[PDB]
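Heads up: the structure comes next, in structure tokens.
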Ligand SMILES: [Cl-]
Ligand SMILES: [Cl-]
Ligand SMILES: [Cl-]
Ligand SMILES: [Cl-]
Ligand SMILES: [Zn+2]
């Protein structure tokens, strides 16, 4: 799989409390100026917002949910792995390396699909980060208890 990037004017973001959660590879100058936390190994960055967001972070162990696929302009039901340490090929965004806290699924993804939200009954689970060959990989956020406190 490889890191996908984002095509189109859609946010690719979770807005919870006074945080914005994005793929690290899509973080803006404003994100880095308002940095709270980032981890390259997870492809995650969190910045601070003035506006209150409405997202709820799931605190479950669900392995089924629904994600948004930008390339197909559709939501899909999906079955995804536990957060895992997966090998990710080189791209414009990272050299080849192991990416942690990544959940793999059989599901459509193309370049430009990063930032699509994965959600379950409990709330937001994660965001598309990687994919290829009929697989999609989601960066989990559910372990970050300080997002929703
Ligand atoms: Cl890294
Ligand atoms: Cl489940
Ligand atoms: Cl969505
Ligand atoms: Cl591939
Ligand atoms: Zn859940």
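Residue numbers (PDB author numbering): -3 to 145. Don't be surprised by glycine CBs; every beta carbon is placed ideally from N, CA and C.
Can you list every residue whose CB sits closer than 5 angstroms to some heavy atom of ligand 5, going in chain order? 54, 56, 58, 116 and 118
What residues are listed by DSSP as bridge partners for residue 2? 108 and 109
By Cβ distance below 6 angstroms, which residues in the same chain neighbour residue 3 in space, the five residues on each side in sequence not counted? 108
Throw me the rounded Cβ distance for the residue 48 and residue 14 pair, which I believe falls under 8 angstroms. 7 angstroms
Provide the residue(s) that pair with residue 131 in DSSP beta bridges, ordered along the chain. 102 and 128
Contact check, residue 55 vs residue 40, beta carbons under 8 angstroms: no
Residues near ligand 4, criterion Cβ-heavy atom distance below 7 angstroms: -3, -2, 128 and 129
Is residue 123 near ligand 3, going by C-beta to nearest heavy atom under 7 angstroms? no
Could you give the distance in angstroms between the alpha-carbon of residue 223 and the alpha-carbon of residue 98? Residue 223 lies beyond the stretch modelled for the chain, which goes from -3 to 145, so this question has no answer here.
Using 7 angstroms as the cut-off, classify the Cβ of residue 166 as near or not near the heavy atoms of ligand 3, replying yes or no. Any property of residue 166 remains undetermined from this structure, which presents the chain solely from -3 to 145.
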